[PDB]
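Listing of run.tsv, TSV, C-alpha atoms
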chain	number	residue	atom	x	y	z
F	255	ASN	CA	-13.22	11.54	15.51
F	256	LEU	CA	-10.96	11.95	18.53
F	257	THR	CA	-8.18	9.71	17.26
F	258	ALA	CA	-8.46	11.65	14.04
F	259	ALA	CA	-8.11	14.88	16.01
F	260	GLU	CA	-4.97	13.54	17.65
F	261	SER	CA	-3.79	12.37	14.25
F	262	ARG	CA	-4.14	15.93	13.03
F	263	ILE	CA	-1.94	17.07	15.89
F	264	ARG	CA	0.58	14.32	15.14
F	265	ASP	CA	-0.11	14.48	11.38
F	266	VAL	CA	3.12	13.56	9.64
F	267	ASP	CA	3.07	14.55	6.00
F	268	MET	CA	5.35	11.59	5.44
F	269	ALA	CA	5.90	12.63	1.84
F	270	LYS	CA	6.87	16.14	2.93
F	271	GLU	CA	9.16	14.84	5.62
F	272	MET	CA	10.91	12.36	3.33
F	273	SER	CA	11.30	15.17	0.81
F	274	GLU	CA	12.66	17.61	3.36
F	275	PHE	CA	14.88	14.86	4.69
F	276	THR	CA	16.28	14.35	1.21
F	277	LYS	CA	16.87	18.06	0.81
F	278	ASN	CA	18.68	18.38	4.11
F	279	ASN	CA	20.96	15.49	3.16
F	280	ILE	CA	21.76	17.22	-0.11
F	281	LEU	CA	22.38	20.50	1.67
F	282	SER	CA	24.64	18.96	4.29
F	283	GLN	CA	26.72	17.20	1.64
F	284	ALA	CA	26.98	20.31	-0.51
F	285	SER	CA	28.05	22.43	2.43
F	286	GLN	CA	30.73	19.92	3.37
F	287	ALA	CA	32.06	19.94	-0.19
F	288	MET	CA	32.33	23.68	0.14
F	289	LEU	CA	34.16	23.28	3.45
F	290	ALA	CA	36.66	21.10	1.64
F	291	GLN	CA	37.03	23.86	-0.94
F	292	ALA	CA	37.51	26.37	1.88
F	293	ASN	CA	40.40	24.18	2.95
F	294	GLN	CA	41.69	23.89	-0.63
F	295	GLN	CA	41.93	27.59	-1.49
F	296	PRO	CA	44.51	28.51	1.19
F	297	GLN	CA	46.69	25.61	0.02
F	298	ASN	CA	46.69	27.04	-3.47
F	299	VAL	CA	47.62	30.29	-1.73
F	300	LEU	CA	50.44	28.55	0.11
F	301	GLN	CA	52.05	27.30	-3.08
F	302	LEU	CA	51.40	30.47	-5.05
F	303	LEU	CA	52.93	32.66	-2.32
F	304	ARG	CA	55.84	30.38	-1.57
J	255	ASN	CA	-58.15	-14.41	18.49
J	256	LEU	CA	-55.85	-14.08	21.49
J	257	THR	CA	-53.09	-16.30	20.13
J	258	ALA	CA	-53.42	-14.27	16.96
J	259	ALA	CA	-53.03	-11.09	19.01
J	260	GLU	CA	-49.87	-12.47	20.57
J	261	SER	CA	-48.74	-13.56	17.12
J	262	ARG	CA	-49.10	-9.97	16.00
J	263	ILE	CA	-46.86	-8.90	18.86
J	264	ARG	CA	-44.36	-11.64	18.00
J	265	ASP	CA	-45.10	-11.39	14.26
J	266	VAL	CA	-41.89	-12.25	12.44
J	267	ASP	CA	-41.99	-11.17	8.83
J	268	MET	CA	-39.73	-14.12	8.16
J	269	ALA	CA	-39.23	-12.99	4.59
J	270	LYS	CA	-38.24	-9.51	5.75
J	271	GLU	CA	-35.91	-10.88	8.37
J	272	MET	CA	-34.20	-13.30	5.99
J	273	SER	CA	-33.84	-10.43	3.54
J	274	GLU	CA	-32.45	-8.05	6.14
J	275	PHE	CA	-30.21	-10.84	7.36
J	276	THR	CA	-28.86	-11.26	3.85
J	277	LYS	CA	-28.27	-7.54	3.54
J	278	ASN	CA	-26.41	-7.32	6.82
J	279	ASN	CA	-24.15	-10.18	5.76
J	280	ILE	CA	-23.39	-8.37	2.53
J	281	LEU	CA	-22.75	-5.13	4.38
J	282	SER	CA	-20.45	-6.75	6.92
J	283	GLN	CA	-18.41	-8.43	4.20
J	284	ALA	CA	-18.18	-5.27	2.13
J	285	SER	CA	-17.06	-3.23	5.10
J	286	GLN	CA	-14.37	-5.77	5.94
J	287	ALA	CA	-13.10	-5.66	2.37
J	288	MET	CA	-12.82	-1.93	2.78
J	289	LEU	CA	-10.94	-2.42	6.06
J	290	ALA	CA	-8.46	-4.55	4.16
J	291	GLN	CA	-8.13	-1.73	1.64
J	292	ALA	CA	-7.60	0.71	4.51
J	293	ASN	CA	-4.70	-1.50	5.49
J	294	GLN	CA	-3.47	-1.71	1.88
J	295	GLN	CA	-3.23	2.01	1.12
J	296	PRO	CA	-0.61	2.87	3.79
J	297	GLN	CA	1.55	-0.01	2.51
J	298	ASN	CA	1.50	1.51	-0.94
J	299	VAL	CA	2.46	4.71	0.86
J	300	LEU	CA	5.30	2.93	2.62
J	301	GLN	CA	6.86	1.76	-0.62
J	302	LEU	CA	6.19	4.98	-2.50
J	303	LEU	CA	7.76	7.09	0.26
J	304	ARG	CA	10.68	4.79	0.91

structure tokens encoding of this file:
Amino acid sequence: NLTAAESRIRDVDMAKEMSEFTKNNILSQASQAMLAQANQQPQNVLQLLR
Amino acid sequence: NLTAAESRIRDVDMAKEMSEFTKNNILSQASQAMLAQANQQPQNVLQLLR
């Protein structure tokens, strides 16, 4: 019962944490794509206002 | 009568004790099979959450 109690403290919902892991990968990658786009827009500006 | 009295103290119901012996074998083996299964489930988890 005591190791179970500990296990509740250290309970990893491994499915949750893999899922959340997945999500955070997705979110990182998406945000970086948008950072690229943030660097693309002012180049378009550069040409258009040259 | 006295050796019979002793025999009552040391009375082995040999049929009972063979029967109970049998049962406890069965129960040990069953429990170990379940311990194997307890080790099988988290492997299924490992694959499924890989």

Give me, as JSON lines, the closest atom pair and its distance (Å, one decimal) for every residue of chain J within a cut-off of 12 Å of chain F, counting all atoms listed in the file, rows sorted by chain and rising number.
{"residue": "J:296", "atom": "CA", "partner": "F:268", "partner_atom": "CA", "distance": 10.7}
{"residue": "J:299", "atom": "CA", "partner": "F:269", "partner_atom": "CA", "distance": 8.7}
{"residue": "J:300", "atom": "CA", "partner": "F:268", "partner_atom": "CA", "distance": 9.1}
{"residue": "J:301", "atom": "CA", "partner": "F:269", "partner_atom": "CA", "distance": 11.2}
{"residue": "J:302", "atom": "CA", "partner": "F:269", "partner_atom": "CA", "distance": 8.8}
{"residue": "J:303", "atom": "CA", "partner": "F:269", "partner_atom": "CA", "distance": 6.1}
{"residue": "J:304", "atom": "CA", "partner": "F:272", "partner_atom": "CA", "distance": 8.0}

Å distance separating CA of residue 267 in chain F from CA of residue 298 in chain J, one decimal place: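 According to the coordinates, CA of residue 267 in chain F and CA of residue 298 in chain J are separated by 14.9 Å.
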
Pose of chain F fitted onto chain J, C-alpha LSQ, given as an mmCIF file with C-alpha atoms, in the coordinates of the input:
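Result file result06.cif:
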data_model
loop_
_atom_site.group_PDB
_atom_site.id
_atom_site.type_symbol
_atom_site.label_atom_id
_atom_site.label_comp_id
_atom_site.auth_asym_id
_atom_site.auth_seq_id
_atom_site.Cartn_x
_atom_site.Cartn_y
_atom_site.Cartn_z
ATOM 1 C CA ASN F 255 -58.153 -14.411 18.497
ATOM 2 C CA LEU F 256 -55.849 -14.082 21.494
ATOM 3 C CA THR F 257 -53.091 -16.291 20.126
ATOM 4 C CA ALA F 258 -53.414 -14.269 16.962
ATOM 5 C CA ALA F 259 -53.031 -11.091 19.009
ATOM 6 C CA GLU F 260 -49.870 -12.476 20.568
ATOM 7 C CA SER F 261 -48.741 -13.559 17.122
ATOM 8 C CA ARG F 262 -49.103 -9.968 16.000
ATOM 9 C CA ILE F 263 -46.861 -8.905 18.856
ATOM 10 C CA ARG F 264 -44.356 -11.637 17.999
ATOM 11 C CA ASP F 265 -45.100 -11.379 14.255
ATOM 12 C CA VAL F 266 -41.897 -12.258 12.445
ATOM 13 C CA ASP F 267 -41.998 -11.174 8.833
ATOM 14 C CA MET F 268 -39.730 -14.121 8.164
ATOM 15 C CA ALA F 269 -39.231 -12.989 4.584
ATOM 16 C CA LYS F 270 -38.240 -9.509 5.750
ATOM 17 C CA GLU F 271 -35.914 -10.881 8.372
ATOM 18 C CA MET F 272 -34.200 -13.302 5.994
ATOM 19 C CA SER F 273 -33.843 -10.429 3.542
ATOM 20 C CA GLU F 274 -32.443 -8.057 6.134
ATOM 21 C CA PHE F 275 -30.208 -10.843 7.360
ATOM 22 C CA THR F 276 -28.859 -11.264 3.848
ATOM 23 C CA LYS F 277 -28.269 -7.545 3.536
ATOM 24 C CA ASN F 278 -26.411 -7.313 6.816
ATOM 25 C CA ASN F 279 -24.150 -10.180 5.759
ATOM 26 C CA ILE F 280 -23.395 -8.367 2.523
ATOM 27 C CA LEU F 281 -22.744 -5.134 4.378
ATOM 28 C CA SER F 282 -20.449 -6.744 6.925
ATOM 29 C CA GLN F 283 -18.410 -8.437 4.200
ATOM 30 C CA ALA F 284 -18.176 -5.273 2.128
ATOM 31 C CA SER F 285 -17.061 -3.230 5.105
ATOM 32 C CA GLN F 286 -14.371 -5.767 5.941
ATOM 33 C CA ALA F 287 -13.093 -5.656 2.364
ATOM 34 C CA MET F 288 -12.813 -1.926 2.787
ATOM 35 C CA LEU F 289 -10.936 -2.413 6.058
ATOM 36 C CA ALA F 290 -8.465 -4.549 4.157
ATOM 37 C CA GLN F 291 -8.129 -1.723 1.644
ATOM 38 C CA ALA F 292 -7.604 0.713 4.520
ATOM 39 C CA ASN F 293 -4.702 -1.507 5.491
ATOM 40 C CA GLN F 294 -3.465 -1.706 1.887
ATOM 41 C CA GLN F 295 -3.232 2.015 1.119
ATOM 42 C CA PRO F 296 -0.612 2.862 3.784
ATOM 43 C CA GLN F 297 1.547 -0.009 2.508
ATOM 44 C CA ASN F 298 1.498 1.511 -0.943
ATOM 45 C CA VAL F 299 2.458 4.714 0.866
ATOM 46 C CA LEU F 300 5.302 2.924 2.620
ATOM 47 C CA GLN F 301 6.864 1.755 -0.624
ATOM 48 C CA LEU F 302 6.190 4.976 -2.502
ATOM 49 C CA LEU F 303 7.762 7.093 0.261
ATOM 50 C CA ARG F 304 10.679 4.791 0.909
#

Can you measure CA of residue 265 in chain J to CA of residue 283 in chain J for me? One decimal in Å is fine.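 Value for the CA of residue 265 in chain J-CA of residue 283 in chain J distance: 28.7 Å.
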
Tell me, in Å to one decimal, how far CA of residue 288 in chain J is from CA of residue 274 in chain J.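 Going from CA of residue 288 in chain J over to CA of residue 274 in chain J covers 20.8 Å.
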
Could you work out an axis-aligned bounding box for all listed atoms of range 281-286 of chain J, with 8 Å added on each of the six sides, and give its centre and edge lengths in Å to one decimal, as lines of an AutoDock Vina configuration file?
center_x = -18.6
center_y = -5.8
center_z = 4.5
size_x = 24.4
size_y = 21.2
size_z = 20.8

Saved range 284-302 of chain F from the preceding structure, N, CA, C and O atoms, as a JSON list (two decimals), in the first residue's frame:
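In the end it all went to selection37.json:
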[["chain", "number", "residue", "atom", "x", "y", "z"],
["F", 284, "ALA", "N", 5.45, 24.37, -35.28],
["F", 284, "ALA", "CA", 4.54, 25.35, -35.85],
["F", 284, "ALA", "C", 5.04, 26.76, -35.59],
["F", 284, "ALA", "O", 5.12, 27.60, -36.49],
["F", 285, "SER", "N", 5.41, 27.02, -34.33],
["F", 285, "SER", "CA", 5.86, 28.35, -33.97],
["F", 285, "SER", "C", 7.12, 28.72, -34.75],
["F", 285, "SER", "O", 7.25, 29.85, -35.21],
["F", 286, "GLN", "N", 8.02, 27.76, -34.95],
["F", 286, "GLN", "CA", 9.22, 28.07, -35.72],
["F", 286, "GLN", "C", 8.89, 28.37, -37.17],
["F", 286, "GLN", "O", 9.49, 29.27, -37.77],
["F", 287, "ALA", "N", 7.95, 27.63, -37.75],
["F", 287, "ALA", "CA", 7.50, 27.95, -39.10],
["F", 287, "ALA", "C", 7.00, 29.37, -39.16],
["F", 287, "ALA", "O", 7.32, 30.13, -40.10],
["F", 288, "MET", "N", 6.26, 29.78, -38.15],
["F", 288, "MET", "CA", 5.78, 31.15, -38.13],
["F", 288, "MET", "C", 6.93, 32.13, -37.95],
["F", 288, "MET", "O", 6.88, 33.24, -38.49],
["F", 289, "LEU", "N", 7.99, 31.76, -37.23],
["F", 289, "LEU", "CA", 9.13, 32.66, -37.11],
["F", 289, "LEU", "C", 9.81, 32.84, -38.45],
["F", 289, "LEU", "O", 10.25, 33.94, -38.80],
["F", 290, "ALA", "N", 9.89, 31.76, -39.22],
["F", 290, "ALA", "CA", 10.38, 31.88, -40.59],
["F", 290, "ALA", "C", 9.53, 32.88, -41.35],
["F", 290, "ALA", "O", 10.06, 33.82, -41.94],
["F", 291, "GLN", "N", 8.21, 32.72, -41.27],
["F", 291, "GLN", "CA", 7.32, 33.64, -41.97],
["F", 291, "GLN", "C", 7.51, 35.08, -41.51],
["F", 291, "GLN", "O", 7.47, 36.02, -42.32],
["F", 292, "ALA", "N", 7.75, 35.27, -40.21],
["F", 292, "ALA", "CA", 8.04, 36.60, -39.69],
["F", 292, "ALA", "C", 9.30, 37.15, -40.32],
["F", 292, "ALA", "O", 9.43, 38.37, -40.47],
["F", 293, "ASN", "N", 10.23, 36.28, -40.67],
["F", 293, "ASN", "CA", 11.41, 36.73, -41.39],
["F", 293, "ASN", "C", 11.16, 36.86, -42.89],
["F", 293, "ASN", "O", 11.93, 37.54, -43.58],
["F", 294, "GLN", "N", 10.10, 36.24, -43.41],
["F", 294, "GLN", "CA", 9.83, 36.32, -44.85],
["F", 294, "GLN", "C", 9.12, 37.62, -45.20],
["F", 294, "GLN", "O", 9.47, 38.27, -46.19],
["F", 295, "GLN", "N", 8.10, 37.98, -44.42],
["F", 295, "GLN", "CA", 7.33, 39.19, -44.69],
["F", 295, "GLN", "C", 8.18, 40.43, -44.91],
["F", 295, "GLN", "O", 8.02, 41.07, -45.97],
["F", 296, "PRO", "N", 9.11, 40.81, -44.03],
["F", 296, "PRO", "CA", 9.89, 42.02, -44.29],
["F", 296, "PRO", "C", 10.79, 41.93, -45.52],
["F", 296, "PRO", "O", 11.24, 42.97, -46.01],
["F", 297, "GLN", "N", 11.07, 40.73, -46.03],
["F", 297, "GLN", "CA", 11.81, 40.63, -47.29],
["F", 297, "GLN", "C", 10.92, 41.00, -48.46],
["F", 297, "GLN", "O", 11.34, 41.75, -49.36],
["F", 298, "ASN", "N", 9.70, 40.48, -48.43],
["F", 298, "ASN", "CA", 8.69, 40.92, -49.39],
["F", 298, "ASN", "C", 8.57, 42.43, -49.35],
["F", 298, "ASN", "O", 8.58, 43.09, -50.39],
["F", 299, "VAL", "N", 8.55, 42.99, -48.14],
["F", 299, "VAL", "CA", 8.51, 44.44, -47.98],
["F", 299, "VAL", "C", 9.72, 45.07, -48.65],
["F", 299, "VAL", "O", 9.60, 46.12, -49.31],
["F", 300, "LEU", "N", 10.90, 44.50, -48.43],
["F", 300, "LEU", "CA", 12.11, 45.07, -48.99],
["F", 300, "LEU", "C", 12.00, 45.21, -50.49],
["F", 300, "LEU", "O", 12.27, 46.27, -51.06],
["F", 301, "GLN", "N", 11.63, 44.12, -51.17],
["F", 301, "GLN", "CA", 11.48, 44.19, -52.61],
["F", 301, "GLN", "C", 10.41, 45.20, -53.00],
["F", 301, "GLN", "O", 10.63, 46.07, -53.85],
["F", 302, "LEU", "N", 9.25, 45.09, -52.37],
["F", 302, "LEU", "CA", 8.09, 45.87, -52.79],
["F", 302, "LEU", "C", 8.32, 47.36, -52.60],
["F", 302, "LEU", "O", 7.77, 48.17, -53.35]]
